[PDB]
Structure formats: structure tokens, C-alpha cells
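1. This one's a deposited entry, sequence included:
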Amino acid sequence: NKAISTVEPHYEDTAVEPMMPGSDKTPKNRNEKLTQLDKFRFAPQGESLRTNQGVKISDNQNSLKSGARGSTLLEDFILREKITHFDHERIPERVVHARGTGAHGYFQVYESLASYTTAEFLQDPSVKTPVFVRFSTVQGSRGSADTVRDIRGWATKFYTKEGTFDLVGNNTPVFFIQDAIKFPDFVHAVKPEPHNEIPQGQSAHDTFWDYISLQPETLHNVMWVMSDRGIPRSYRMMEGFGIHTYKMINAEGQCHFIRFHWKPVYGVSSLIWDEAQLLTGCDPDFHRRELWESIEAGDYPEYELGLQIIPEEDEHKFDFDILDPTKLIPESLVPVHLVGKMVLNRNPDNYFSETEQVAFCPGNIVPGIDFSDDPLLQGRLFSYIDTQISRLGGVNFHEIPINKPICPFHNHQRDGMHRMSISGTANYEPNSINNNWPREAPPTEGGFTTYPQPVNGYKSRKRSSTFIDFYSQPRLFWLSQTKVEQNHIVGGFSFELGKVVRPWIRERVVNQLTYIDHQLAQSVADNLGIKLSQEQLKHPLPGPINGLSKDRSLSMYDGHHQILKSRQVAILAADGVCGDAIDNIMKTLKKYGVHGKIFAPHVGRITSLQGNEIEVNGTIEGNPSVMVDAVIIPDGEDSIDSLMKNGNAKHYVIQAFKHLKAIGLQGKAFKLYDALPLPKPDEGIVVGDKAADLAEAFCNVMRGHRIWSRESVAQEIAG
Amino acid sequence: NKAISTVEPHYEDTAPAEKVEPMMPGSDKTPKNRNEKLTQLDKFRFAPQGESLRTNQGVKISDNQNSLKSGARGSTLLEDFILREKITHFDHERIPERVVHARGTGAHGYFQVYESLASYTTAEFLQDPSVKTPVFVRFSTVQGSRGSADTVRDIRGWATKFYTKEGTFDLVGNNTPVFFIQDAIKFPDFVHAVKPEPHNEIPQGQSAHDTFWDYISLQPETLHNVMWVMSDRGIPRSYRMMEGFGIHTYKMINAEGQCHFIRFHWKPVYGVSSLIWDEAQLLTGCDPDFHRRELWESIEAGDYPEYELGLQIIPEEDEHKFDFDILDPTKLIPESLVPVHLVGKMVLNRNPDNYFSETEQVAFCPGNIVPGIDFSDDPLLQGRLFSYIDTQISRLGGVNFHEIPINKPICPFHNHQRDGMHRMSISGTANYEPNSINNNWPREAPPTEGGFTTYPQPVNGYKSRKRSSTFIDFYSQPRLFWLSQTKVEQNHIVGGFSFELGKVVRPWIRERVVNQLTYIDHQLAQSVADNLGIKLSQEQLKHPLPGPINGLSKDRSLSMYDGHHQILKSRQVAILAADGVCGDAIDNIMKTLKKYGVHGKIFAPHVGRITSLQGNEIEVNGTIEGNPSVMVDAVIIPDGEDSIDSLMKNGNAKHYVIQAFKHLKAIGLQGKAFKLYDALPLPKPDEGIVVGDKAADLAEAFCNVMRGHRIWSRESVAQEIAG
Ligand code: HEM
Ligand code: HEM
């Protein structure tokens, strides 16, 4: 009878916390754009199930048939409307950066930048400019994994009063190529190979390293993506760069050359390769989930907008072209002025309507900002609008709610697929029938104008001679890395080239490396079983850049802060754990803003030896050590005994050790470590009997992020 | 200057001069594997060797390295049509993925019927054993998007396009014999439930989240196919080693107008083998392309996927003789009630040349039948017929997707249809029927000349939306499936439920599923409840269980490892060696493997060549680090003190043994290699550890242990081993 009811219409009620739409979890975090989005929101509470035409549906369980056992009838418009909508849900994925995550927030300028730019959103510190941000990888398709080795895209849409401005950047300060014409060649090389569509989310295949090996301009960004910069811990914990030199124009008409920066408040932190690859296996949504949950936790992403500012007359005073996108501007030469702050504080309600459908383009500038002659950027300007025509179904993608400005947008454009606006005035300028409204705006009233840069030359296809420097900045970046960071670079090249089948591609890439640093090349060559010629070993090395050989800011662990707040600690516990230990650990974790997650052999609640019940965050098996920053094991005779019978929980300790993470062991918990095939405790194995003490010591060890000194012995560990 | 030369036009050779092959397009590696369809596709292929780089309009390009600017350091000019054309095309490369089964792989092949099936159907491709019917097969997962990983826990799709001489026939099936839902109107609800959740689009390629199990707990019809996917059927070893089913009862119509109810089956010649969960999950991390790569390499290796088409045949008069409705797609027809008759053999022997052109753009639909086959009143099947053509209008850019080469039939196809986006064919005759201006050609075909006709099945009822009372049996077949599993398989089913429900945040959803399990089997529920911290009540443990199905309480065919073969040939073995390995041991191992058709892969601490203790060099297949134990069926460690010495200082090499032990795989150690094993935290060598001093002797014992697929007796000890 009740079994029968499940296949009959459902007219009755059917009804620690889960991830929810932003409106449910953070309705108090608001901005002008979110308020505009409210018109498009739906509340089905108390509402009837209906067709798209508003007809109430009586039976959402059955097709209309000729009898209860009959043939389905063509006249069932409810079924056919429902299936038809489902059949056409998918729209094309982005050609690059298909895999991504979005969030709403706001931006505030610290003080007016009127000296350098007229841009409205950089004028008034009391203004909160809404933003939408999409973070992404680059190579993989929509379903690929978050923690791959890749460049990360970083697109910010600023909804200003004078127009929508898009800052479309990456998490490294250079790009792989100099001229936009090479973009389809580069992408095709890195993308899955065209016969078999293998491999997904990896540059570790023949066609990528083939292209690198024939295009030395790529080596600089290659050095960045082979470093640990290629596997960030979190979108909250990486830097951001617009890469291109833009222009800033002030009210006098003065032009400064500009480069954009995002500097994260939560520090710059990365995974290690072994850990990252494991994580694509156990949580392919790790970065998306982490960002969603950090917003729900209150650990809101925060980044400072910075600018490198170069007066126009200084354009030619560097050992590199500032118009060359494979070159960075060292912060030792030109420092980054932090001019504003961006806070991400609201998750979307519907991923598809907002994150999937958002459209960003570098050509979406506003008055006060202008383009430079960087030949990569000039090609990008054409591409973003053109691509949206098929991705979002036509030329009205700006009417999709996430893409609408919050300022007015009157013009004489009309029609196109899915036109929402209804115009009733003259569709041509100049007209007199409507007295020529809307009207052109004079530059002094905010009408956009291009800065009158001089143009002198001949029409030609030619790479500028000032662009032909491929190895100096790669060498500078290499020399600025710490020695652990240098080894991970070597491990990156060696693991990736190890998956290239054609040996001559491997040898050709190593040969390129000999023009950057000889021991870099030697170390990769050794790993690949390649004998370097002596001619190769003495290949000439580039000189210093404006008297510079290292730049501290290019190193993650030596040049940037590591933040304790918002990190995650696994607490391994079973029934019989000491309840007061757990309380003291949690209270300490919280004091520093760290999140303790109780992982146990079963979900639900575990019972402490004191008899109190403790709510579990997930199973050990379901939440491996790669998902947390550190591991702590509280005391309790029955718990420890249960964990020593558990292969996963023992493995949890071995793996966290191999991944250089902090491990805290209370009392009898040390027994567990001692029973394992692990060396004796080091600076990262915190052992204590007092829970509070142990936790404070454990938190201090976490501040260092990883126990780098353990790395040599870690390679001998069977885990 | 060579550096400048890389940013200027490339007018000279780039290939290295003449001083383990890579995967290649099938035309490159297997051009002698041919069929009528590949020959048809040959017209659309292109050889660029010696050809100039050109625009799509045919204009030679002089400088593919630079945009046209005002000076070498100037602004890019709008008049650069070469740039704009190249960027335009790239900007528009992507088309929508399939709304389900977006992650898939395809291969070309051919089908051959064993004996004429004329006594059951007129379908031309089942008439003549002499004919080789070309096929294209696309395997897939279901839930995930295009970039999702191969070895997830999911149902696998299996669609086969038969290019028959009287029409293209699509058999569109899955790797389990039932589906989750009874009526197609539920399909968007079910799919929305299993797909990533709409606020955050989490999770990818997993049913382990709240909305899926929310739906399951409220729709008990889903429980049969959920048992299948929670079992190890949901994580197959290889597309070459799973079964396939059309699921629906179809009809077959002979020349005499007789109708027989049928169910399609695919039986793999390489047997039915599955991964285990911990392995499958590790595999998605270290190779998301595992099945795609495996299939492609199996064809290049000549281990052609081979499958026998099977038919369950039920006479019209027998329709109502079963304790289930044969029109119910949550019901299987037990093979001990109705046997499966093998009637033909399909072999896949050529990989595509271009994945996008062939595999991505292929369109399959269950509405694409041929004369001799008809539909039944299965209400899931009926709804599917509308959906496949409709979806393809937007996915493939319009209603001429049948003109895309991979979709074209190999027979004639004249009709009065015209126009539509990207019309390739040029018509010059009357576009209506009847016409006299071209004498009514093309013309309708009489049924006795092969014109399609629907078999006149009686139709009697009332227009209504109602679930048939004969469909309301949700627990008998899940119980049947459960009781037919061995204890090992039963345990893995419990682990699948427990792992998945462990990731369900809302606890009432976990408890409602466990409650549903008490109506299937009380020990099933209890074990899952224990793993979820759920205390079952006395009333729950005395919930009534259903009775046997036409006298059956167990069916041997429903068990993967008790009712199906394991095949040694095409399996992969890791051979772990470093510098100083006993070269003759590797040689005698390799030849013993080649003897049984097993592939040995030498994995070392570095790619290139290792040198044996004898002094000779051995080309290696890749690094231990880059090729962990989840990627192979078994592991063997040859002798050589220097090689063993190196491996025992290699953390990955030691973990290789530990992991392969925990994943119940066969391990062969020769001479001092056992010293590596003793140093690890592993017990008394069991039946699945082979130890011998002489290499050829050891390999023979090794291969013979490999025949059991996995060492199930080791499962209890394996849980305590440190990962
Ligand atoms: C400095 C170099 C570049 C950077 C930093 C960059 C950055 C990005 C980012 C972050 C996205 C993803 C935006 C999103 O979330 O929706 C993106 C998309 C894209 N970019 Fe680039 N890009 C660069 C160069 C290029 C070039 C040279 C081209 C080709 C001319 C190109 C074409 C595209 C296209 C077509 C998309 C997809 C846009 C869409 O579908 O919405 N970009 N780029
Ligand atoms: C017996 C149950 C079903 C099975 C075995 C099944 C099987 C499949 C398979 C294997 C594919 C992938 C084909 C490919 O490789 O391209 C597929 C795709 C699809 N199925 Fe199903 N399906 C079933 C039920 C349904 C239902 C009930 C619907 C909707 C009413 C549906 C709609 C679709 C759609 C729209 C596609 C995408 C086709 C395309 O994009 O070309 N299926 N099905």
C-alpha cells in the first residue's frame, strides 16, 4: 500500500550542515549585483508543480499511455516538454578554462587613484563595487579534477557605475606565448591529443613537450607550472596577475603603464605533487568545495589589488619589453602598490545560471583604462566576445542576469537570438525622430576615448627583436627558488617528461634546459636516463636583468607568508577516545582559526571513554590525509587499539608523514606511530601527554606549512 | 641565430633524422583491419605530408608565427584575416557534451551472425553468416561530464551502431541487465538526482551525495539497479571484461509475421572481471583515462575486444508466465529461467583517426531499429525513442547530423527531406510524395519488399497516467541478486553502500536507505547500519522479505566470480627492476608471459634503459612512480642483488608490493627479491605469493595463480595492512 504510493502522485510532506545555495546560507552578505539578481530568484515553497506554460501537473510519475500497461501516447505534452527541456540542458563548455568555480563579493579602493586613472571604481573608497570571480584550471574539460598540475585562471568581473570591467588573469605573471596567432597551436599541443583524446588534465604527453621543445618562448611559464605554483593549495592561497601591460589614463590625459596583481590575504601555499595527484582521485572537487566551504565558514577569500606603475617615459628602460607577455616586471625593480581589497563572501544559488553562464573578456575595459600594444593582449580582445556567440547562444549574452551591468546600457543594437529587451525608439544614430537619444557622451562627461598613442612603422608580420629573449627570466626564476622549490621543479619536469613516449622530445626539452641552468638540466637528464654531452653542459647562460640575478618575490616559501588561519586538521578518533582531549584540541584549533575534523571508522557519533557522544565529520576511509593540512591523534585506550587494527588509519599516519605534514600524537597514540615503519619523530612529530599543550605546540609546527627537511627520508617510506 | 629562427616562419624539417610505440590513429597503426564503413570514411581523411599550410579558403600562409601589426612592435590590424580565421575556428571548437554518458570512448569493428536467424526475424544483418556487418561502439560512464574519470563507480554505457545494408541499427545498452526507473517521465528527476548538485556542481562522477540517495530512498523501484552498481559490477576492470544488455524487452518479427519477445545480451570472450573500490578510486587519480587507454592499446596490441551477441527469446504466448513483468526495465529475466542463446560475434579491431570527428559526433538512438525488430510497450523504452533524436538537434547542430560521416548509413537513403543547417547533399528531384514530375521516385516499399511495418499488437485500455500494478514489486529481484552473490561479493556490496552513504550529510537520508535495505535482506541492512552507526529497531529486523521468483532463490549467472570466467590472456604484469637486475630472469619471465599472452611491463626508477648485472641494456616501460600497482593485474620482482638493493631504498617500490598485496593481487618474487617482502610489514606468504629461485619455473606458477583474478582469501588480513 505504501509501496504502491511511491509510484502514485506525491501529495504529502516528505521531509554538521550541508553546502547550500548562497541565498540560504549567507543572505545577509549583499551587494548591488546580488540585489539585481533577486528578481530572477524562485521560491517554490507552497507552489504547485507546473509545465513551462504554467499548467499544474497532477501526476509526475507516469506517462500518458493507452492503459496502465499500454503504449505511450504522442499527445502527452507534459512528458514531451519535460524530456525536451532535459535533452537540451547542456551548452558548450569553454574552449579553455572549462573547469571552474564562481563566487560573489565586493571590492573597495583604499584611496582615490585619480592621479593615475579616471576609472570610477578606483575613485571613491566609500563605494563597494560588486564583483563576480571565476577560478579555473586551463587544460581540462568540465568534469576534470581540481588539483591537477596546471595554470589557474582568475577572472574578476567588476560591476562599476561607469561600466562592466573584466580583469581576466592567471595565477602566474607570464604567459607561454608572445603572439595571439600561436594560441590555437599552443592549446592544441597541451589539450588531449586528437586521435584518442588522452590525456585529461595533464600536460604530461608528447604533443605538449614537442611544442615546448620547438618554441623556447614558452620556457618561462613552463618553469612556473613545473614549480609548486602549478599545484596551489587553494584559490584563496595563490597570487593573481593580469599579465599584460595595460595603460592607465588620468584626468589630465597622462598615461602610466600598469600591471595588475592580486595578493592573497591568506598567504601563498601549494600542494606537493604526490599529494595533489592523490587528491584528484579522492576529491576531484577539492578546490571548488574548499572555496564554497570557506565562504560558508567565514574564512572569506581576501585579496589586495596591486599595481606596478611605470611612467610612459620609462617604457624602454628595462632589459626586457614590458609589452612582452612572457616577461615579468621584477618587484625588486618596480614595486607593487596595494591599492584596494576584494572580499569573496557569497556562493551562487545556481551553478549553471551564474558560474557556467558568466562571460568575461579583456576587451571589457572602462574609461580610465586602455590597452597596450602587447600582441598577445591584442588578439585576446577579438576572441572573448567571438567565443561567447556559440557558447551562450547568440549576441544577447549580456542580458543573461549574471552578465548584466548595474549601470544603464542604452544603444541602437537590436534583435539577435533570445532578445529580452523591448525597445520602442529609433534604432539608428543620428536620428531626429527621437531627438537622437541615446546620445554620444563627450570625453569630459565620461565617453570612452582611446589614448592617442603614436603609431609609426610598416604593415608587417614580424616578431619584435626586443621580444627575442627566452632564457633570462627562466634563469632568474630558477635562481630565486629555494632548494626544495628547485627540486620540485626538477620533479615536475622529470615526472612529465617520463610520460613522453618519443625519446627525442625528451632530449630536446632537456637541451632547452641547459640554456637556463646546467644543474637543472643535469638533474632532469639523470632522472630520464639522458647522457648530457659536454658541449651541452657548457651551453652559455643569460646575464642579469637590470643588475638582478634573484628576486625574492618569485619564491613562494621564501618570499611569501604562510597563514595558519582556515587550515584543516584531521582528528583520528574511534569509540573510546578521551573526550577531554578532543575538547581541548578543538578549543585550541579554534583559538587560531583552524578547523578540526573528526574522522572515525564509522559516521554518526562516536562514544568517548567518558560516555559522552561526539559527532563525527566523516570516515577515515572517506577522507584521506591528502584532504587535510595536518593530523592529530588524541589519547584513549579503546580508540588507539581500534585504529591500530585499521589499515587506513595506520596508512593515514604514514601518508601524512611522506607528505611532510605535521602529526600530533597524544599519550598512547604514540604507540601507533611506533608500530609503523617510520623513522623516529622529528620536528613535525609532536608528542605530548597534555592535550592543550600538545595542541599549542602542534599549531606552532603547522605555521611552517610542511617539514621540508623530512623530504629525503620521505622518499624511502613505503606509503 | 637559431633562437630568432623559432619566431620566424618554419620552412625546414623538424623531425629528428634516422640516427613501446606511441598510440596512433587507427589508419596509422592498423590500416589492414578494414570494413565497408571505414572505406566510406576514407573519402573524408587527409594526408598533409608535403602540403602547404592554408586558410580554410585555400590560401597559402607565409608567416604562422606573427599577427599583422603596424610595425614589428605595433598594433594588430583588423585586416589580418589569417589571424581572425584561425582564432575564430578555435573559439568555436566545442559543442555541447551528451547530457548523460558524456564521458565515452569509441572503436570501429565488425559483427558476424553465426547462423541465419530467419525463423525469428527478417533483420538483414542476422540472415547471412558470410557478411561482415561494420560496427562502431561507444563505451561510456553515465553521471560525469566529458573530463570525468574512467574508473568511477557508475553504470557503464555500451552503444553499438550496426551499419546494415537495410539500415543503420542502434543497440543502445548498459553493463547491467536492469535500469533504475520504470517510466521515462522519471528520467530527468533521477538524472538530476545523481548529477552534481545544482548549487555548487559537486560531486563529479559520484553518486555518493545526498540528492542521489534522497531519490533512492523515496523511489524503491531504483533498488535493483542500485544493488548492481554498489556491487563490483559498478567498477569494471576493462570494457573488454564486462557484460552488456539492451535491458528492454524488444520484439523480433520473422517473415511470417510471428512475434517473439527478446532481450539483447553481450557476453565478453575475455570474461567478466572487476576492480575493487580502493583500487578503482586510486586509479581515477593516477590515470583518469584508464579504460579509454586500455581499450585503445588492446586494439593496437591485437587483443581485440570480442563479444558474443546473445538473445533471450520468449514466445508471444509466454508473456505472462513470469513472477515479474517482462516489460518492466527494473526486472531481469533470470538466465536459469530463460537461457541466453549466442547468435553472433562482434570484434572491435580499429581505433578512430579523430576522436572528435568519430567518437564525439556519433549519434545513437534506440528508435533506430531495422525491419525485423520492433518495440515493446516497456514505458521506459517508449520515452527513450523521443529523446535520442531530440537531444541530437542541439548537440549536433541540427537535423542533418546523419550526414556527418560517422553517422551516415552505408545503404541508400533517398527521401523527400530537404534543407536544415549544414545540408551536405544536393537534391534535384521532387521534394514531395506523391509526385508525378519524377514518377514518384523515391517510392514506398511494400512490406514483402522490406518496407518497415509495425507488428499489429492489440491495444486495449483507457487513456491514463497510471503505473501498472504488475510493476509494483521492488524487492524480490534485489533479494535474488543478493542471495546469488558469494560472501566476498556480498561484502563488497556492503562496502559500496557504506562508503556512499558515508558521504551523505543529512542523516535521515542515510537511515531511510538502510530502512529500504531491511526489505531486501536483514543482514545486508544490519552490516550497512553498523558501518553508518545506525541502530536498527526490532520492527525493522522483522520486516517481511519477498519470496522466490518462479521457484528461484539464487541464479548463478548473477554472480560475477561464481558464474563467469576469468581470462588470463591480455592481462598486465609489473616487472620491478633497477640497475643490476638478473637479465636472464627478465628474459625467461617475458617469454613465459608471452606464452600465455600476458604483457610484462618493466618499471624502473627512471625511464630509458636499465643495465643488467650481465652488462646488457633493457628498455623500460616507464617509472615505478609513474605506473603504480593499481595499473596492473599482478606484480613480479626478478633477482639481482643490486636491483633489489635499489628497490628496497625506493619508497614507491616497497609500496608497490604492499599495495598489490592489499588489493589481493598475485605477487611473484625470485631469489633475493623475497628479502624485499620480508622487510615489509606483510604476513606469512599466502596462496597468492609465489616464491622461487628459478625464473621460468616461478613465472609458470605466477601465471597459474593469476587465473583466479584476485586472492579473495586474503581480504580479511588485507584490511589491517597499512595502505
Ligand atoms: C595572458 C594570457 C591569457 C590569460 C591570462 C588568459 C586568461 C583566461 C582566463 C582566466 C579565462 C577563463 C575565464 C572564465 O572564467 O570564464 C580565459 C578564457 C578564454 N580565453 Fe584566455 N587568456 C589568455 C590568453 C588567451 C589568448 C591568447 C586567447 C586567444 C586569443 C585566449 C582566449 C580565451 C578564450 C576563447 C577563452 C574562453 C572565453 C569564454 O568562453 O568565456 N586567451 N582566458
Ligand atoms: C534502459 C535504460 C537506458 C539505457 C540502457 C540507456 C543507454 C544510454 C547510453 C549507453 C547512452 C550513451 C550513448 C552514446 O554513447 O552516445 C545514452 C544516452 C542518452 N540517453 Fe539513455 N539509456 C537509457 C534510458 C534513457 C532514458 C529514459 C532517457 C530519456 C528519456 C535517455 C536519454 C538519453 C539521452 C538524451 C542520451 C544522450 C544521447 C546523445 O546525446 O546522443 N536514456 N543512453
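-> On my side now, so go ahead. Residues are numbered from 1 along each chain as shown, chains lettered A, B, ... in the order given. Ligands and ions are numbered 1, 2, ... in the order given.

2. okay, CA-based contacts and neighbour counts for the rest of this
-> Fine.

3. For chain A, list the residues in contact with ligand 2, please.
-> Contact residues, chain A versus ligand 2 (CA under 6 Å from any ligand atom): residue A:87.

4. so what's residue A:677 up against?
-> By CA atoms under 8 Å, 6 or more residues apart in numbering or on different chains, the contact list for residue A:677 reads A:717, A:718, B:681.

5. Adding distance to ligand 1, write these out as TSV.
-> Formatted as TSV, these follow (distance: CA to the nearest ligand atom, whole Å):
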residue	distance to ligand 1
A:717	38
A:718	39
B:681	47
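
6. quick one: which of those sit in helices?
-> Among these, no member falls in helices (DSSP state H).

7. Looking at those, spot the one nearest ligand 2.
-> Nearest to ligand 2 among the contacts of residue A:677, counting by CA to the nearest ligand atom, is residue A:718 at 40.9 Å.

8. number of nearby residues for the closest one?
-> A count of nearby residues for residue A:718, using other CA atoms under 10 Å in any protein chain shown, gives 27.

9. do the same with residue A:94
-> As a burial measure, residue A:94 scores 25 neighbours (other CA under 10 Å).

10. ok, now residue A:422?
-> Residue A:422 - counted by other CA under 10 Å - has 8 other residues nearby.

11. Ramachandran coordinates for it?
-> With angles defined as degrees, to the nearest 10, residue A:422 shows backbone torsions of phi -120, psi 100.

12. I'd guessed residue A:658 sits against residue A:715; true?
-> Yes - contact between residue A:658 and residue A:715 holds when scored by CA atoms under 8 Å: they sit 7.2 Å apart.

13. who has more neighbours, those two?
-> In terms of neighbours (other CA under 10 Å), residue A:658 is the more surrounded of residue A:658 and residue A:715; the figures are 23 against 15.

14. domain ranges for chain A?
-> According to curated CATH domains, chain A comprises the domains A:1-459, A:460-563, A:564-719.

15. Identify the spatial nearest neighbour of the residue positioned nearest the centre of chain A, chain neighbours not counted.
-> With distances taken as CA atoms, centre = their mean, residue A:135 lies nearest the centre of chain A, 3.8 Å away. Spatial nearest neighbour of residue A:135, excluding adjacent residues (CA to CA, 6 or more residues apart in numbering or on different chains): residue A:154 at 4.8 Å.

16. what's near enough to touch the residue of chain A found nearest chain B?
-> Residue of chain A nearest chain B, by CA to the nearest CA: residue A:281 (3.6 Å). Going by CA under 8 Å, 6+ apart, residue A:281 touches B:281, B:282, B:283, B:284, B:285, B:286.

17. Using PDB, write down the CA coordinates of stretch A:649-658.
-> Taking Å, rounded to 0.1, in the frame of the first residue of the first chain, the C-alpha atoms of stretch A:649-658 are listed here in PDB:
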ATOM      1  CA  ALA A 649      44.200   4.800   9.900                       C
ATOM      2  CA  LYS A 650      47.700   3.400  10.000                       C
ATOM      3  CA  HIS A 651      48.200   4.500   6.400                       C
ATOM      4  CA  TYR A 652      46.800   7.900   7.300                       C
ATOM      5  CA  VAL A 653      49.900   8.400   9.500                       C
ATOM      6  CA  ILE A 654      52.400   7.000   7.000                       C
ATOM      7  CA  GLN A 655      51.000   9.200   4.200                       C
ATOM      8  CA  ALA A 656      50.900  12.400   6.100                       C
ATOM      9  CA  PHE A 657      54.500  11.700   7.100                       C
ATOM     10  CA  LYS A 658      55.600  11.200   3.500                       C
END
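
18. roughly how far out does it sit from the chain middle?
-> A distance of 28 Å separates the centroid of the chain from that of stretch A:649-658, by CA atoms, centre = their mean, to the nearest Å.

19. what does that stretch contact?
-> So stretch A:649-658 is contacted by A:572, A:620-621, A:624-626, A:630-631, A:643-644, A:662-663, A:672-673, A:676, A:678, A:710-711, A:714-715, A:717-719, B:722-723 (CA under 8 Å, 6+ apart).

20. which of these are buried?
-> Buried members of these, counted by 16 or more other CA atoms under 10 Å in any protein chain shown: A:572, A:620-621, A:624-626, A:630-631, A:643-644, A:662-663, A:672-673, A:678, A:710, A:714, A:717-719, B:722-723.

21. contacting residues around residue A:559?
-> A:552, A:553.

22. Now with 10 Å, please.
-> For residue A:559, the contacting residues are A:268, A:480, A:481, A:482, A:551, A:552, A:553, by CA atoms under 10 Å, 6 or more residues apart in numbering or on different chains.

23. what does residue A:184 give?
-> Per CA under 10 Å, 6+ apart, neighbours of residue A:184: A:190, B:86, B:87, B:88, B:89, B:90, B:91.

24. ok, which stretches of the stretch 301-450 of chain A are strands?
-> Counting by DSSP state E, counting those that start in this stretch, the stretch 301-450 of chain A has strands at residues A:302-311, A:336-346, A:369-371.
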